[PDB]
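One structure is given below, encoded as structure tokens.
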Amino acid sequence: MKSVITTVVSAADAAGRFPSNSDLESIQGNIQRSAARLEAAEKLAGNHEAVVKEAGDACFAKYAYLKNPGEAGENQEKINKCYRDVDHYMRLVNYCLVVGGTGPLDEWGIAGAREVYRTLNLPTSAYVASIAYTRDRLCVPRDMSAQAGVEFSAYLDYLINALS
Amino acid sequence: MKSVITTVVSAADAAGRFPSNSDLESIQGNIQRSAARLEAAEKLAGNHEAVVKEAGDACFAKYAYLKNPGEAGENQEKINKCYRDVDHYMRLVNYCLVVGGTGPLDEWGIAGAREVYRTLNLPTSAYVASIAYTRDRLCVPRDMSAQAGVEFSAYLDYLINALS
Amino acid sequence: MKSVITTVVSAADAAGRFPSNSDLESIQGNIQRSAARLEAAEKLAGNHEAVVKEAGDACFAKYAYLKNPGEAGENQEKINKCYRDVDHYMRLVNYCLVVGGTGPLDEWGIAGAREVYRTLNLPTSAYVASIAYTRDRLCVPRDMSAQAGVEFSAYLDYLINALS
Amino acid sequence: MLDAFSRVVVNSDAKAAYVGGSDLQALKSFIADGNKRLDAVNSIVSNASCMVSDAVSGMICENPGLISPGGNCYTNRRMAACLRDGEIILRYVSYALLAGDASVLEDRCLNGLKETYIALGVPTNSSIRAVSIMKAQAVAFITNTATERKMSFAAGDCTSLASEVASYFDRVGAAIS
Amino acid sequence: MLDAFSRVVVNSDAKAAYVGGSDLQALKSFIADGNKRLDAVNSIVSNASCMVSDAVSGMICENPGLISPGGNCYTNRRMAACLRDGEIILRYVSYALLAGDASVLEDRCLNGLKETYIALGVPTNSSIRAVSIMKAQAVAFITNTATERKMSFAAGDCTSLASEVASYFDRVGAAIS
Amino acid sequence: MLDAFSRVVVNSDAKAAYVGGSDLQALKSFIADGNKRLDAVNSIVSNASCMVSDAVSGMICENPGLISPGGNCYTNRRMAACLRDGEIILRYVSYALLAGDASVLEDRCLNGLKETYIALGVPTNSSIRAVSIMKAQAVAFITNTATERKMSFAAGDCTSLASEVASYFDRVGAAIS
Amino acid sequence: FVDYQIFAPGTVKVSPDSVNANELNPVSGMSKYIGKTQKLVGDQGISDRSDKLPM
Amino acid sequence: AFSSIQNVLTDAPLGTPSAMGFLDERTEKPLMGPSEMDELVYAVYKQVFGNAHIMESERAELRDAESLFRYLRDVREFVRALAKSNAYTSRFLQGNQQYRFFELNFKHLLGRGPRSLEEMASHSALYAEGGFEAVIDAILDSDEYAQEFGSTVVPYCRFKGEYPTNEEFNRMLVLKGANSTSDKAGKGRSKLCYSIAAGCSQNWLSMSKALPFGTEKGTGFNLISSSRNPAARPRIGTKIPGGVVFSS
Ligand SMILES: C=CC1=C(C)[C@@H](Cc2[nH]c(/C=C3N=C(/C=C4\NC(=O)[C@H](C)[C@H]4CC)C(C)=C\3CCC(=O)O)c(CCC(=O)O)c2C)NC1=O
Ligand SMILES: C=CC1=C(C)[C@@H](Cc2[nH]c(/C=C3N=C(/C=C4\NC(=O)[C@H](C)[C@H]4CC)C(C)=C\3CCC(=O)O)c(CCC(=O)O)c2C)NC1=O
Ligand SMILES: C=CC1=C(C)[C@@H](Cc2[nH]c(/C=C3N=C(/C=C4\NC(=O)[C@H](C)[C@H]4CC)C(C)=C\3CCC(=O)O)c(CCC(=O)O)c2C)NC1=O
Ligand SMILES: C=CC1=C(C)[C@@H](Cc2[nH]c(/C=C3N=C(/C=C4\NC(=O)[C@H](C)[C@H]4CC)C(C)=C\3CCC(=O)O)c(CCC(=O)O)c2C)NC1=O
Ligand SMILES: C=CC1=C(C)[C@@H](Cc2[nH]c(/C=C3N=C(/C=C4\NC(=O)[C@H](C)[C@H]4CC)C(C)=C\3CCC(=O)O)c(CCC(=O)O)c2C)NC1=O
Ligand SMILES: C=CC1=C(C)[C@@H](Cc2[nH]c(/C=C3N=C(/C=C4\NC(=O)[C@H](C)[C@H]4CC)C(C)=C\3CCC(=O)O)c(CCC(=O)O)c2C)NC1=O
Ligand SMILES: C=CC1=C(C)[C@@H](Cc2[nH]c(/C=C3N=C(/C=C4\NC(=O)[C@H](C)[C@H]4CC)C(C)=C\3CCC(=O)O)c(CCC(=O)O)c2C)NC1=O
Ligand SMILES: C=CC1=C(C)[C@@H](Cc2[nH]c(/C=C3N=C(/C=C4\NC(=O)[C@H](C)[C@H]4CC)C(C)=C\3CCC(=O)O)c(CCC(=O)O)c2C)NC1=O
Ligand SMILES: C=CC1=C(C)[C@@H](Cc2[nH]c(/C=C3N=C(/C=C4\NC(=O)[C@H](C)[C@H]4CC)C(C)=C\3CCC(=O)O)c(CCC(=O)O)c2C)NC1=O
Ligand SMILES: C=CC1=C(C)[C@@H](Cc2[nH]c(/C=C3N=C(/C=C4\NC(=O)[C@H](C)[C@H]4CC)C(C)=C\3CCC(=O)O)c(CCC(=O)O)c2C)NC1=O
Ligand SMILES: C=CC1=C(C)[C@@H](Cc2[nH]c(/C=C3N=C(/C=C4\NC(=O)[C@H](C)[C@H]4CC)C(C)=C\3CCC(=O)O)c(CCC(=O)O)c2C)NC1=O
Ligand SMILES: C=CC1=C(C)[C@@H](Cc2[nH]c(/C=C3N=C(/C=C4\NC(=O)[C@H](C)[C@H]4CC)C(C)=C\3CCC(=O)O)c(CCC(=O)O)c2C)NC1=O
Ligand SMILES: C=CC1=C(C)[C@@H](Cc2[nH]c(/C=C3N=C(/C=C4\NC(=O)[C@H](C)[C@H]4CC)C(C)=C\3CCC(=O)O)c(CCC(=O)O)c2C)NC1=O
Ligand SMILES: C=CC1=C(C)[C@@H](Cc2[nH]c(/C=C3N=C(/C=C4\NC(=O)[C@H](C)[C@H]4CC)C(C)=C\3CCC(=O)O)c(CCC(=O)O)c2C)NC1=O
């Protein structure tokens, strides 16, 4: 995973040196920032079935053409796999707030995604419209705190810029 | 007969439908314009002998060659028949303001008139030069009201586009 | 989509004509009766949960036989599909008060309903008893305006007539 | 297919006069009660499926031999056709009440209706009754004196428009006789 | 169109042969089991209205996005057209079971059906699912193994009629895929 | 076709939402200045006979090889079929200015128009110039900035109505491009 | 089966899940109430059958 | 016979007021009058001719067939008089092939497309025994014309829902187009000619141009092929409890 620990360890392994004073100074940033990004990861892990299903039909409220014949939301299995694939992405954002970097989103959600959503003909602007709906649904004092919403939205538009 | 009432009861009859709420809303617009297109209709019933006597003697101001032999009005007998065919139009402009539609204009004074004025060698472009003399001599703020002007001028301009 | 605008130009296209001076009067009726059918529509939009909760159990207080084995509301999915099908109908009543004619009802709700409800054994008299419950639930100075109750109780007994 | 504004002009082309100030007061007493006419025609079309079905079934009640074998409303095919016919009569009278002129009823509905019923054996002594049931039921829904369904109106006089739609049911019962 | 006896004589017409006693032993057993073919098709047309509405609403059950906004069984307009279409499919496979040859299902119903559906927007994977329910409804009425509705037959096997009609329902899926 | 009110309904039915309180001030502000839509559709169709004549006569004066033999308005049957062919283009714009939406322009006039104009040899690069001359003339009638025919209107602006109709002439101007 | 017509009127009670077209069925097929997608809830996989007995 | 497009998404068919006016003994019909008359003649001219855009010096040769139509109010006799005209054979017979002339008679006079090669070859059996007037009066005096249009309405393209072949709906959608579409655009060259004689079907984009407004015009196309393979034998299996049964 790309993290704060695994970045400064790999940088000091390619150079072949011990953990320096600047490599311990980065893990102190992991301490002072963990309060905000673990509040967002706990708020998400408790209310995830209601956040996923609210965003799963924000895809079909913008793109009603997906129920046409031959499309990706024809039958019951294809919308079960669609609400699954959104719930997969919201699990990986919960994993990124815990680890502290874009590690689990890169290796498990983004790498290889352009070649799968084109081979199977899933419109990648509809794997985005559910992610973009959640980013604007968030009320900054209501669901989480101020800096917990900064961390929650910054991993939410990393995924948007990686699908676009 | 073309009116505002006969459109919505023939469109209801053609589909086999009772008169619903959209039809009854269209009769409500006939009550609004009736305070202007009837006051212009009653103005034309008493002012006609000074305005049908303004048009035809200024029809011959532009069209001077119609008093020549071989053309239409070569004698005094046909000019007295030329004032019959413009008293027949202002009596039909007066009817369509009363009934709202273009019914007395199009099925009495317009239908067939392309073929009579072709075969009998009468120029249509002196009728256009004489009906439009009653357009520009018409001013609003002494003669009639505001919306009685724009209903009268829109009915003089209907058969200008039909004769041309 | 039968409205005031989409009938006066579906007759202007059936004769190959311009927008007539007849049809500019029928949109002047759309200016007048809008403020009773918009204010009846906006009252329905902020009160919809309340009016379809009371309309739906007027079916089931009347018709207790529907929970018998094989009848229409025999399980909770069918009770939820009963309150959906009266949530759809008064959404179309809200749509007809915006368009101004009976267009959105008879091409989204009524066309097919004789053939759908016969095949699935859904009784017409239970659909009528829900809609006829809220037709005389309307109180004339209390709920909306005086003429706003006329527009709202014109599309209701349109639907009671077309179903029966 | 005329309306009430198109009756005063086809009486005036015969004299070939302008419709002037004297006869224009008869159409200014049309748009005075124009909202009264619109409020009256809405009450028929809101009750129209009940007005037909009470009329045709009361014709069976007043004449119980109609559903005997050999009767005119005997079988299901014939009973649906009489209910189809009374829908068209009540639709065409309501077209005439909105226009204010009987020339939508007498041409599109009453041409050939007398000869068609005797060609099909449809008896006119029952259809004079079943037209006259919904004649008397139409003036209840205009003057608000019906037993059920007191509709909401504005307080005034509507007994001229109730008698005017009685005359359109006299034009039906004259022609099918 | 052809039936099961006309299918044999167009095979022999390619060879200019006579339909003799070698070829006639398939046709002598088509008339020998011909009572059971009639006994099986009024097991289907006696239950055909229940079979269509269960197959269409059973397709809505496994796919609830067909009745949401943007599904192609959404309003009353689209749902009655889907109920009409599954009755047409069940009608043409009852002609084909009666004849004993799938000619009339393949040229009148199924020829050109794929191009209608990709012009009107009809989903073909769920349309195959409504046909595949009523294939399983048809083999349960023929072999008399339905949970309700035991019909009164005579004893023996109809197991070659149940798989003949299952191949007629499989041609509908192969023609719209 | 959909007008400007039925466009808002088919957007909200995609959400399955009631037309609430936020979209209604786009429709109360349609009917607020809704006199001016009637007060400017009348400015086009009063001058619509002269407007199609000055359109194609200025199409000749900038492409003078149209009246050469080989050109598409060479003979007298072809010149009469493009005065009238631009009458239909002017007619369906004036419907769409009355309706507020380009639905009746695109379904009934622009569907398949270029795909017949290459099938008849109509030079589409010079028919764009035929549209855009009368585009410029229509938006100065609404603005009342013409040299002749100063039609007396009421004081204000129709700057948004002049640009809605300029978008309608650019829809036909891009469809055959 | 219970007949439900032999009771007094007013005693058979029914109640829908939500009086909304958009919660009973969305634009996709992910409906919690209508159809075969009622098994796709994040809870309701396990149950409480340690309440009774080892029977 | 429900047909979800017909009076919902299209208009209502035009025509005369009733058919009971013929049994009226003091008239012949509800007399329409010359504003209610000529707008019905505008719909016969837009239907028998396509959108041919007939000029003022081409309508003058049809002066006699309207003057009979405004006295004898039969619509079927007006359509018969317009199909024997010079203006019908100089557009649809003169520079066209034989199955192009035949496929436009099904469009202009029936509102459908031909369902067969056997139905199409019998119209060339009537050409050999009376020319083109034997084709035209046999369409007009058919049973299919009597129980859909009669003397009362114009022959319009009717969405029926219960077509006798599914291919008949496809060839109707290719024959009519959009409203900005006439029928001179091919240089002769019948559009349906290959698909009638072979037995195949039409192209999905050519049909969905002619569908109305509000009927998903084009969606449903998978990005693989648009027709069916007649030689393919697929395996379609049903799940039973034990395994999977291939009832083939
Ligand atoms: C751990 C990370 C991780 C992911 C992010 C997903 C990514 C992903 N999603 C899908 C698969 C899918 N994604 C969709 C999605 C949609 N259909 C629509 O109408 C909309 C476009 C959209 C809803 C948002 C559909 C329908 C499939 C299944 C494709 C198919 O059925 O062929 C598949 C193909 C495999 C399968 O069938 O499930 C994969 C790898 N899977 C993962 O393992
Ligand atoms: C874990 C991730 C997570 C989020 C991104 C948010 C997102 C979110 N918001 C709401 C729910 C809501 N959100 C708001 C919005 C606001 N309310 C206010 O007081 C503010 C003015 C405004 C902030 C923009 C409102 C008014 C509702 C209730 C209406 C609704 O159901 O949306 C709901 C539905 C549950 C509920 O609250 O009833 C969810 C999941 N909450 C979360 O748990
Ligand atoms: C119903 C049809 C109808 C008309 C078309 C006009 C036409 C008209 N104008 C005048 C007669 C006149 N009209 C005007 C008015 C004007 N001169 C101008 O240049 C100004 C723009 C305008 C002021 C509003 C004047 C000043 C005269 C007298 C001079 C003249 O003979 O024109 C007369 C003679 C009797 C009269 O004065 O009314 C008539 C019939 N009046 C009508 O009743
Ligand atoms: C946009 C407009 C629009 C509508 C109005 C509805 C109309 C409608 N309702 C139902 C469907 C249904 N409707 C009911 C209704 C009822 N049960 C009762 O006891 C009462 C009689 C009644 C409530 C008043 C039931 C039980 C079903 C399920 C059908 C079934 O049992 O198979 C169906 C069948 C498909 C489905 O399951 O959804 C349709 C098309 N749908 C729409 O799209
Ligand atoms: C043989 C069986 C049999 C019947 C079916 C009725 C048929 C019938 N009903 C009414 C009479 C009526 N019909 C209606 C109309 C209606 N009533 C309502 O409650 C609804 C609102 C509406 C549609 C159902 C009304 C209101 C009256 C009472 C008189 C009136 O006010 O018009 C009359 C009297 C007409 C008259 O004589 O003036 C008759 C003969 N009578 C019978 O003898
Ligand atoms: C424009 C106006 C207009 C009409 C009025 C009807 C007129 C009409 N009615 C019938 C046909 C019929 N009309 C009736 C009607 C009645 N029998 C009775 O006992 C009652 C007195 C009366 C109904 C109240 C019956 C029973 C038939 C069927 C005759 C038959 O089956 O042969 C037919 C022949 C068509 C058919 O048989 O279906 C026609 C043209 N149609 C129209 O287009
Ligand atoms: C598009 C649909 C449409 C309608 C349905 C009518 C609706 C309607 N009716 C009346 C108005 C009225 N209606 C009546 C009628 C009656 N009062 C009585 O005593 C009798 C019982 C009954 C006779 C039938 C009277 C007396 C008035 C007031 C005078 C008038 O304006 O007509 C008014 C004007 C008063 C107001 O604005 O509040 C309106 C808008 N108009 C429309 O535009
Ligand atoms: C989502 C909602 C939903 C439904 C509506 C049903 C739909 C349904 N019905 C049947 C299956 C069946 N349906 C019938 C039909 C009938 N049975 C009778 O006795 C009546 C006469 C007639 C109308 C009810 C028959 C005979 C079978 C198969 C035999 C059986 O059920 O054992 C099958 C099994 C087909 C297969 O295995 O692929 C399904 C899925 N199931 C669902 O999940
Ligand atoms: C003799 C052969 C024969 C057929 C097979 C049918 C085929 C058929 N279906 C439809 C027409 C249709 N068919 C469907 C059917 C369905 N959509 C679904 O989502 C379900 C999967 C499926 C039901 C099982 C729908 C919804 C329409 C209407 C489309 C629309 O309204 O735009 C039409 C268009 C004609 C019309 O409706 O006007 C035709 C020809 N008709 C025939 O004559
Ligand atoms: C005109 C209408 C008409 C019909 C409806 C059928 C009715 C019918 N079925 C069978 C006769 C039969 N039917 C069956 C069928 C079955 N037994 C089973 O246990 C299976 C469930 C089912 C398979 C589908 C069998 C096995 C026979 C006897 C074999 C035979 O004589 O063909 C017989 C012959 C025996 C007898 O005469 O009693 C008749 C007349 N025939 C007709 O002419
Ligand atoms: C080659 C030969 C040749 C012509 C035939 C004319 C044709 C012509 N006229 C105008 C220009 C115009 N055409 C009109 C329209 C009208 N003017 C009136 O006085 C009437 C009321 C109405 C119908 C005749 C107006 C008002 C303008 C001026 C520009 C404008 O105000 O819109 C334009 C400018 C359009 C543009 O810029 O794109 C052209 C090319 N000019 C030429 O060079
Ligand atoms: C609803 C919208 C609608 C339309 C727009 C027209 C479209 C249209 N235009 C023409 C037909 C034509 N269109 C043009 C037009 C032009 N050629 C030029 O040189 C100029 C650039 C341009 C404007 C003068 C000409 C000259 C013809 C006649 C070609 C011919 O006679 O073959 C035809 C062929 C008609 C026929 O003869 O059968 C059609 C369908 N029709 C419609 O129904
Ligand atoms: C039946 C046919 C029919 C019509 C023709 C119109 C006629 C008409 N136009 C306006 C009214 C108006 N018309 C204009 C328009 C203009 N003023 C200008 O200086 C610009 C050049 C031009 C812009 C295009 C303006 C600005 C108003 C007043 C503001 C408004 O209410 O829109 C009014 C309201 C009265 C008034 O405000 O004075 C009426 C009745 N309405 C109809 O019902
Ligand atoms: C092929 C055979 C054939 C004919 C021989 C003529 C004969 C003829 N003329 C008219 C019809 C007519 N003919 C006339 C002609 C005249 N009335 C007069 O007062 C003048 C003396 C005379 C002119 C010389 C008029 C005015 C009408 C129309 C009558 C009307 O308006 O109803 C009609 C009725 C059709 C219609 O309604 O228009 C017929 C058949 N037309 C034909 O198609």
Residue list for the stretch D:142-159, filter: of a type in the set (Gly, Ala, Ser) and without any contact (Cβ under 8 Å) to a residue 24 or more places away in the chain: D:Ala146, D:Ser152, D:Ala155
Candidate set: the stretch B:61-82, residues that are closer than 17 Å to B:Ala132 by Cβ and in contact (Cβ under 8 Å) with a residue 12 or more places away in the chain; chosen: the one farthest from ligand 13 (Cβ to nearest atom): B:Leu66
Test: C:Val150 is in a helix (DSSP H, G or I) and either within 16 Å of ligand 1 (Cβ to nearest atom) or within 12 Å of the chain's Cα centre (by Cα) (or both): no
Among the residues of the stretch C:148-164, count how many are in contact (Cβ under 8 Å) with a residue 60 or more places away in the chain and in contact with a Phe, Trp or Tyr (Cβ under 7 Å, 6 or more places away or on another chain). 1
Among the candidates D:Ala119, D:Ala166, D:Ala174, residue that is within 11 Å of the chain's Cα centre (by Cα) and of a type in the set (A, V, I, L, M): D:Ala166
Please verify whether D:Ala154 is over 17 Å from the mean Cα position of the chain (by Cα) and facing another protein chain (nearest Cβ under 10 Å), treating the condition exactly as stated. yes
Among D:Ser152, D:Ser103, D:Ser160, which is the only one that is assigned to a helix (DSSP H, G or I) and either out of contact with any strand residue (DSSP E or B) (no Cβ under 6 Å at 6 or more places or on another chain) or polar (S, T, N, Q) (or both)? D:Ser160
Checking D:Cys82 against (1) in contact with a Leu (Cβ under 6 Å, 6 or more places away or on another chain); (2) part of a helix (DSSP H, G or I); (3) not small (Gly, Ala, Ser), the condition it does not meet: (1)
Candidates B:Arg91, B:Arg118, B:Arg114, filtered to the one that is among the basic types (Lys, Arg), within 14 Å of another protein chain (Cβ to nearest Cβ), closer than 16 Å to B:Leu44 by Cβ and assigned to a helix (DSSP H, G or I): B:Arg91
Could you list all residues from the stretch E:151-161 that are of a type in the set (A, V, I, L, M) and surrounded by fewer than 19 Cβ atoms within 10 Å (Cβ to Cβ)? E:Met151, E:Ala154, E:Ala155
Which of (1) without any contact (Cβ under 8 Å) to a residue 24 or more places away in the chain; (2) surrounded by 15 or more Cβ atoms within 10 Å (Cβ to Cβ) is the odd one out, the single condition D:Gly58 does not satisfy? (1)
Determine the pairs where a residue that is without any contact (Cβ under 8 Å) to a residue 40 or more places away in the chain, located within the stretch G:24-36, has a partner that is among the basic types (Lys, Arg) and crowded, with 24+ Cβ neighbours inside 10 Å with Cβ atoms under 8 Å apart, the partner being 6 or more residues away or on another chain. G:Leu24/C:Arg84; G:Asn25/C:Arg84; G:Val27/A:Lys67; G:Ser28/A:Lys67; G:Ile34/C:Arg84
Restricting the search to the stretch B:128-147, which residues are in contact with a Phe, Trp or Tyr (Cβ under 8 Å, 6 or more places away or on another chain) and either under 29 Å from H:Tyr42 (Cα atoms) or not in a loop (DSSP other than H, G, I, E, B) (or both)? B:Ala129, B:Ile131
Right, E:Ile128: without any contact (Cβ under 8 Å) to a residue 60 or more places away in the chain, in a helix (DSSP H, G or I) and within 16 Å of ligand 8 (Cβ to nearest atom) or not? yes
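This table checks each residue for (1) more than 14 Å from chain D (Cβ to nearest Cβ); (2) free of Cβ contacts under 8 Å to residues at least 24 places away in the same chain; (3) closer than 21 Å to C:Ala12 by Cβ; (4) hydrophobic (A, V, I, L, M, F, W, C).
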site	(1), (2), (3), (4)
H:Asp11	yes, yes, yes, no
H:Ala19	no, no, no, yes
H:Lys29	no, no, no, no
H:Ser35	no, yes, yes, no
H:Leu40	no, no, yes, yes
H:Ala43	yes, no, yes, yes
H:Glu58	yes, no, no, no
H:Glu61	yes, no, no, no
H:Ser67	yes, yes, no, no
Quick one: would you say B:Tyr155 is surrounded by 14 or more Cβ atoms within 10 Å (Cβ to Cβ) and either closer than 28 Å to D:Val8 by Cα or away from chain H (no Cβ under 14 Å) (or both)? yes
From the list A:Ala126, A:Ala132, which residue is more than 14 Å from the chain's Cα centre (by Cα), buried (at least 16 other Cβ atoms within 10 Å of the Cβ) and not hydroxyl-bearing (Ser, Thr, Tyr)? A:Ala126
How many residues does the stretch B:13-40 contain that are of a type in the set (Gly, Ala, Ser), within 18 Å of B:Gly101 (Cβ to Cβ) and more than 7 Å from every other protein chain (Cβ to nearest Cβ)? 3
Residues being over 30 Å from B:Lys43 (Cβ atoms), part of a loop (DSSP other than H, G, I, E, B) and more than 10 Å from chain B (Cβ to nearest Cβ) - total across the stretch D:20-73: 8
Exactly one of G:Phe1, G:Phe7 is assigned to a loop (DSSP other than H, G, I, E, B), of a type in the set (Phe, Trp, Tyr) and away from chain E (no Cβ under 14 Å), and that residue is G:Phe7
Within the bounds of the stretch D:115-130, is there any residue that is crowded, with 22+ Cβ neighbours inside 10 Å, more than 25 Å from C:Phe152 (Cα to Cα) and more than 16 Å from ligand 13 (Cβ to nearest atom)? yes
Pair list, Cβ < 6 Å and 6+ apart or interchain, from the stretch D:69-94 residues that are aromatic (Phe, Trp, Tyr) to residues that are surrounded by fewer than 16 Cβ atoms within 10 Å (Cβ to Cβ): D:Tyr74/D:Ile67
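Yes/no per residue for (1) closer than 30 Å to H:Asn166 by Cβ; (2) of a type in the set (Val, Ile, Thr):
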| position | (1), (2) |
| --- | --- |
| H:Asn51 | yes, no |
| H:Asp64 | no, no |
| H:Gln94 | no, no |
| H:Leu104 | yes, no |
| H:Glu119 | yes, no |
| H:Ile136 | yes, yes |
Name the one entry in F:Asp23, F:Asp13, F:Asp3 that is free of Cβ contacts under 8 Å to residues at least 24 places away in the same chain, closer than 30 Å to G:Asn22 by Cβ and buried (at least 18 other Cβ atoms within 10 Å of the Cβ). F:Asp13
I need every pair where a residue in the stretch E:26-51 that is over 27 Å from E:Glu87 (Cβ atoms) and more than 16 Å from ligand 5 (Cβ to nearest atom) has its Cβ under 9 Å from the Cβ of a residue that is part of a helix (DSSP H, G or I) and polar (S, T, N, Q), sequence separation at least 6 or different chains. E:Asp33/E:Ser160
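A quick note on method: Cβ atoms are made from the backbone with ideal geometry, for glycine too, and the neighbour counts reach across all protein chains shown. Just so you know, all these numbers are worked out from the coordinates, no wet-lab data involved.
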